[PDB]
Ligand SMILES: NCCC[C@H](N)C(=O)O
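Okay, here we've got a single chain as structure tokens, the form deposited without ligand ORN, with questions on binding and movement later.
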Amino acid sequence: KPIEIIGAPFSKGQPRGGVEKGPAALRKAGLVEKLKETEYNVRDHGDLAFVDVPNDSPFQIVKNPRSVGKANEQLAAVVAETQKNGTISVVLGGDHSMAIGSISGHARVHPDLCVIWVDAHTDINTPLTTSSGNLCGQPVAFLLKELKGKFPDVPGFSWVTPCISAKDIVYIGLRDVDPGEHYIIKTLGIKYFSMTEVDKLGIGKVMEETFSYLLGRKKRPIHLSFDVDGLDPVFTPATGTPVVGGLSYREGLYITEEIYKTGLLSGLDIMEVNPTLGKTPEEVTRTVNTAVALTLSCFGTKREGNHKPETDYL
């Protein structure tokens, strides 16, 4: 089972700029080379080139709707292709709106996939509930079937077909949810482990339950969309929306190690690393490093250590 890194240097999903530098920062830290040290075969598709849609007027409150919709349609095609060839796709963010194309493309090949969303946010605001027209906080809204027709068709997203049900997604790390978003997750019966559930159960029981909930009845492909801000700012400070009281570096790697062990990881998103948002240079390094470590963990790197087979190290 091969791995294919796909760079999504896109930031139109939010008002700030910088997140598009995420892929470069991750590559600069040797993400690709390090992944090749794992048991997986790695191919680098490179960074996608996003054609900016000229005169991309706001759709009501939604900002850059056509540009975000275009970039995502292109990502969806790329991901769908690698998924078709039977490889595991790894999208390096810019902003989380790219999860639309990533999950959409993944679903075209594995419609029965489930989603594990690690984030401090639900990113489930609809074009009608957002306070900011930022699409970075609306990904899940365009992806959920139960939300189809709950908001006006946004220009640039007509190609999107709701691919996952509220029952196939599980959030982990929630701690900054808007009223409308909270209304949506409760009304839709979405499974989640906000920081309070993590504190109560412990990351161990949490992963145990998310797997039982998403995989108990049937084993299907796992799509992990990891927003770096799901971890506490003390670990991933270089993000647009840091929120205190986050998952620890350890819980982050625990989540990933467990996902690796299921042997069902099919798609991965490493989003929101903004190299321009560090108070100091080492804060960026610290954020980039942990994102890289999380990715490596997803593909086998265990904290207890790793060693190559058929190798009598003695």
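Residue positions are given as counts along the sequence shown, with the first one as 1.
- When the two stretches 181-189 and 196-204 are set side by side, the higher mean Cα temperature factor goes to 181-189.
- Relative to one another, 212-220 and 68-76 have unequal mean CA B-factors, and 212-220 is the one with the higher figure.
- In the PDB entry, the Cα temperature factor peaks, among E251, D269, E272, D44, at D44.
- Take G30, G263, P54, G246 and read off each C-alpha B-factor from the entry; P54 has the highest.
- The PDB entry assigns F151 a C-alpha temperature factor belonging to the highest third of its chain's modelled residues.
- Per-chain ranking of the deposited C-alpha B factor places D123 in the middle third.
- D227: CA B factor lies in the lowest third for its chain, per the PDB record.
- Among all modelled residues in this chain, the alpha-carbon of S104 has a temperature factor (C-alpha) in the middle third.
- Looking at the C-alpha B-factors along this chain, the one for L277 belongs to the highest third.
Keep in mind the form solved in complex with ligand ORN is missing from the figure; the text below concerns it.
- None of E146, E209, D178, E197 but one reaches within 4.5 angstroms of ligand ORN in the deposited complex through a heavy atom, and that residue is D178.
- Of the residues given (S225, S104, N125, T236), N125 alone sits with a heavy atom within 4.5 Å of ligand ORN in the deposited complex.
- Although the partner is absent here, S165 sits far enough away that none of its heavy atoms falls within 4.5 Å of ligand ORN in the deposited complex.
- Contact check for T87: every heavy atom lies farther than 4.5 Å from ligand ORN in the deposited complex.
- Although the partner is absent here, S132 is a contact residue: one of its heavy atoms lies within 4.5 angstroms of ligand ORN in the deposited complex.
- Ligand ORN is not drawn, but in the deposited complex it has no heavy atom within 4.5 Å of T82.
- Only one listed stretch (178-186, 200-208, 214-222, 152-160) carries heavy atoms within 4.5 Å of ligand ORN in the deposited complex, and that stretch is 178-186.
- Contacts between stretch 291-314 and ligand ORN, counted in the deposited complex as any heavy atom lying within 4.5 Å, involve no residue at all.
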